[PDB]
Ligand SMILES: Nc1ncnc2c1ncn2[C@@H]1O[C@H](COP(=O)(O)OP(=O)(O)O)[C@@H](O)[C@H]1O
């Protein structure tokens, strides 16, 4: 029987069947509830809308993400989102499919325990398993060695792997991702006059970010160039007319990934944490880590991020190593692709957590053995 | 008495009583005539002291006591007392010397190609078998066909004919003669119609094999239909799984399907110019891996036979030139060349001449082809995104494209032929004529051989199931209480580890998906999963002087050894849906007709296994009838068979399996009167209450049953 792969993430659910080339259902991980009154008797108003149905009724709803920083902080909303994913998007019965869930490293244990308990009790899955997003990303890249930099909507993390062995002491996790860039853009756009405060307006700004923003190879002279001419200005049209034009915001928004001090964080840029994670590994494997930096997740999709990353790491590393940034053109779904590859392996069918093992051991089965 | 109506053919079908009665009284001893091994014969009579022209003294539990001369020409070895290899071997040798090329084997039908015209088939003077059973007439396959007629008419159930076919000849003539028989019984005929367009199959599904020169690399399952009352209707043929890995990869001293070389014979320059193709085979890789030509056949006459076949078929100018274009384009694929994009990991083209050829041919765009190959695209939810590609992945895509093109073209020609031979009123019943390749044991076994051996394994287990249930029925019939572990399934269910989704081919695909997987890693995983935990899985005995194997399995045809080098290249089939969409729009109308009708994982193993299971379901709903053709000698001279070749054949033909299983009888099942008369030297209750073991027999309803090794005493 086929298995389901349900890469959750903090900004986008990507579900599908193990063995496919791409996720079958990709929709926002969001739950909306109506704010306003409701006057038309008999309209049949629902209590809450999930997914991209909440994205079209966006104007009258208040949107909430049940996942903040890789951590599920609202379990009823997450239950709603899973119920939707199974019954309305995939249109299956969870009682007949093992489920492969995914999670970021270095986040609380209660997260996995509750995932397992929810699945087994209120969905009656026959078996389940909770992988790590970086390992699956490496599976999808088609290699067994490299330091993968995953950057989704909530959390950015590096996992160095060599010959199939993880170095858990060198895993570095950072908590700025797509959503903090969206917020920084909402805040930086006010100095041109545009004011987005609603959650719907936050979605609008996310679209602006995905369409107009890029990473500058050299931030300072790019800034001076934007100050001199006006060849960097582009225009965007909000969904009521009202075109807006942005200038240096285009590259000041994703620059925060390399100078997290723009949002008052103390950490180092993604280039520097990648280099530190490398230099925390054994001196014999870091030459092969230097040449297999695998990029993954949506926040690594800016134009020019691989070039800036390679320039920075090259400036940091010794002048003899070959820095190679591997950025596939479909890296936004690398975790799901790798998860399907994994769940399809024949040698994996003994790694599931059967219902009987759960009934014996409790929800603590998940991290204690698998 | 009942044979002289075959006249001049009676001498062949069943000898007169005189020579037989003088042969049933030969003076032979049970303790001075045994069988011992040999270097040239491997099995010889002898007199431990043994002499027959050569003397050796060996152990006394390896000799085979020769059969009693009471039975020394019986056409069914199911009644002998000493069932062993040389027994059956020399029995067939003798019955073939005194010319009777026909033989019954328990449930099979072993016939031998005589290399000599015989009136044993013509005229109807011999085809008078009408109404008779198999047991009473001389052992002719026409009696088998008549039994099939009777059964299909009396049960309204479809029937099946399974002949062994990898023998070069004997397959052809036997198929012809049986289909002629069926034409006669339920009467520009349908046989003419069949053999008209057969060059199609000969040119598309046949190639020079290292131990052959015209081998069917697919299964031919002819469905010859009958009326509701039993008058022949039109006949539609069905084809099945094809060794399509041959399209790209070929071993040394072999070659892929003829049609390439037939075209390449430089016979009709119109084609070689329409396809912008030269005549040197060493310039197109998908055919120039092994040998470019075999001197045992000319290609011009083959091209002309195929042209004639296209003409007799309903093909137009387009239904011929388009197929030529498809083949030419598959060949121009073979030298598509790509390089990594400078400083980065992406295939980039270098030279597009072949791309121009192919785009013009198939009715495609050169730029569209190149980019869709270099930039695959996926349907992600409700969106489209491009995928990057390494060079090897794109080469995989090219090979898969060529394979799918060839395969669907083949299937469409199959449907075309099935239509061209179909015009008839509504029918109900038919007889299945299943032609299939046989087992393979070469000096260098590879993946395709594993596939074919697994197919034959399934078919042999199927036959064993059939014979098991028929024997169980017969034992229930005479009230003979005897039960046993199912001979049909259990002894072989353990050698299909290859199908269990942890076995050989399963682990093969698992590695195909596993990154950086190597044949060494694959061997490691295999040994982890099966070494020691399986009895059938064993380490090969690589003694210097032969090519190295990597594992050894015990099939029913001995213990086979394989070499796993290059199997990832054989099994991977990541299909590129972008170029599929390109095909589904092409201007070349044949391409569109082929590919008219909320991917990256396809393995040759998967499709092969599913087609095999499909054919198995096709069979298990019917009633089978088996045939065993043998090529007696390689020098094609009549009269004498070379015993080691024929012995290896009969080993792989599986009849020895039937012998081994009937050895678990009671294969000898006699009436009361015959044994009462023949052995009265002193109703059967008193005759066998005199004396041995009392399990040697099972008395029921005037039937005595004997285990092998008992009537050598009588
Ligand atoms: N083309 C793009 N350019 C820049 N940012 C993008 C692009 N596409 C998506 N993003 C960002 O990626 C985030 C979603 O990425 P994703 O990998 O789905 O995260 P998760 O895996 O946590 O759901 C969004 O916050 C969005 O801002």
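Numbers here mean position along the shown chain, with the first residue as 1.
Cβ atoms are placed via backbone N, Cα and C, with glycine included.
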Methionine (R)-sulfoxide per Swiss-Prot (candidates: A:43, A:301): A:43
Candidate annotated in Swiss-Prot as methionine (R)-sulfoxide, out of A:40, A:78: A:40
Separation of alpha carbons, residue A:80 (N6-methyllysine) and residue A:43 (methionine (R)-sulfoxide) (Å): 22
Between residue A:69 (tele-methylhistidine) and residue A:80 (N6-methyllysine): CA-CA distance (Å): 19
Rounded Cα separation (Å) that holds between residue A:40 (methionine (R)-sulfoxide) and residue A:69 (tele-methylhistidine): 39
Structural state of residue A:80 (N6-methyllysine), classified by DSSP into three states: helix
Under 8 Å by Cβ from residue A:69 (tele-methylhistidine), counting only residues of that chain that are 6 or more apart: A:10, A:154, A:155, A:175
